[PDB]
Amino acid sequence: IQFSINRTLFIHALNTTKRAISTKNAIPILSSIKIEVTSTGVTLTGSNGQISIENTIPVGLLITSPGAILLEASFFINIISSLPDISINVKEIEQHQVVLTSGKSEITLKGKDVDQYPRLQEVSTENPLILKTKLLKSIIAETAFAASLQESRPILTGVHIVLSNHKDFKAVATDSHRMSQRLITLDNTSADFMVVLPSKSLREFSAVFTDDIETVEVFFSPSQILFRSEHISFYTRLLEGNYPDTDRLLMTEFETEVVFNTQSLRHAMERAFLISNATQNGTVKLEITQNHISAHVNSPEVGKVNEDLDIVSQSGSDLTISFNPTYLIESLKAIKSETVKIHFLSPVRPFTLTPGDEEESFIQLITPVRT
C-alpha cells in the first residue's frame, strides 16, 4: 500500500466507518478497520456483527500502489487525528506495517492481513427501492424510539417495514405500551418486501448518511438489508420471525378530541414526569372538561403536581385518563408539527396522536393505566 490523502477528509470517512465498530468485541478481529486500496480510491470497512459499513473515498487523494491491511480502528483513528500537516502519506512495509508521514512526524503501526477479516455477504443485486434520505431519516426519527428495548421479545426491538401493492409503504414500531406508525404512498411502484430492522441499526444509518446525500438504494435479503449511496454501503442484519399484527390496534373511533401546542404540552408532561418518576409505574392524571384541562401527579412523601393546560381546541365528551408521562413525552418529541391532535375513546382504551399539521400520515398510540 502507498497513498497520500488530505487528513481532514480522511478523518471524516474514518469517523463514519467507526460507527460500525464496537468498543468491546467478542470477536477480536472486528476491533480492526479494513483498509483496501485499488487504483480508483480508498475503501474503509468496519463491523460489529450487527452492522457493517463500507465507505469509499474516490481519488485530496492520490494513490501510488494498491493493497489491503487491517489496523486497530480507534488506535489508528486517534493517530491520524493527531497528525501534524494537512497531508498524510500512507506507505505499507514488510510484515504488514504502515508508515504514516505528515509534517516532521513519522509513525509506524503494525497491522494484520485482511485474510482474517469476515467477508461481506452478497445482498441481491436487483433493482432496489429508491428512497429519499430525508424521508427515511424522518421515518426513523418517528418510529425507532417506539420499538421495545427489552430483548425479551427480539422481533419488537426493530421497526417493522412493509411495502404492499407495490406502492403502500408502512413503518411501525411498538413496545406493547405505545405505538408509532408512518404511512406513505411511494411515487414509484417497486417490489414488495416485509422486514424488521434493529432500531439501533436505524439510528446509526441516520448518523452515517449525512444530509448531503440525496437518496439511497435499498436492497433486501432474508437476513440482511443494504442501504447504498454513491460511496457508502450500509449493511445490517434483520430480526427474523413474525412481527405481530398492528393494524388491529388502530383505534377507529373516538369520544373526545383535544388539540394542543406540541411543545407546550411536552414541557408540561416533562414537569409531571419529574414528580411521577419518583415511584415505579408513576402516572399523570389528565382531567378533560369543557374549557378546563389539567394534569395531576401525586407522589406520596415526595411531591405533587397540579397544572392547568392551554389548548388550541377540543370536541366531544369530558374524560379523566391516567398514563405514564414518558410515553407522551417521547411521542411529542417525534411530532414536528406545531400542534398535535389527540383522540381519546375512554379511560381504559388507548389514545391516539396525530400532527395538527396533517402534513403526513403519522399515528401514535399510547395505552393508559386504569386507576
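Residue positions are given as counts along the sequence shown, with the first one as 1.
- In the deposited entry, the stretch joining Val59 to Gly60 is interrupted by 4 to 9 residues of the deposited sequence lacking coordinates.
- When 330 to 338 is weighed against 25 to 33, 25 to 33 comes out higher, by mean CA B-factor as recorded in the entry.
- Relative to one another, 81 to 89 and 289 to 297 have unequal mean CA B-factors, and 81 to 89 is the one with the higher figure.
- Per the deposited record, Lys110 carries the highest C-alpha B-factor of all listed residues (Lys110, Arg203, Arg271, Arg228).
- In this structure the maximum Cα B-factor among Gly316, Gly303, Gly41, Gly46 is found at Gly41.
- Split the chain's modelled residues into thirds by C-alpha temperature factor. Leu100 is in the highest one.
- In the deposited entry, the Cα temperature factor of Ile5 sits in the top third of values across the chain's modelled residues.
- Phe219 sits in the middle third of its chain by CA B factor, as recorded in the PDB entry.
- The deposited CA B-factor of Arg349 belongs to the lowest third of values across its chain.
- In the PDB entry, a CA B factor belonging to the highest third of its chain's modelled residues is recorded for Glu94.
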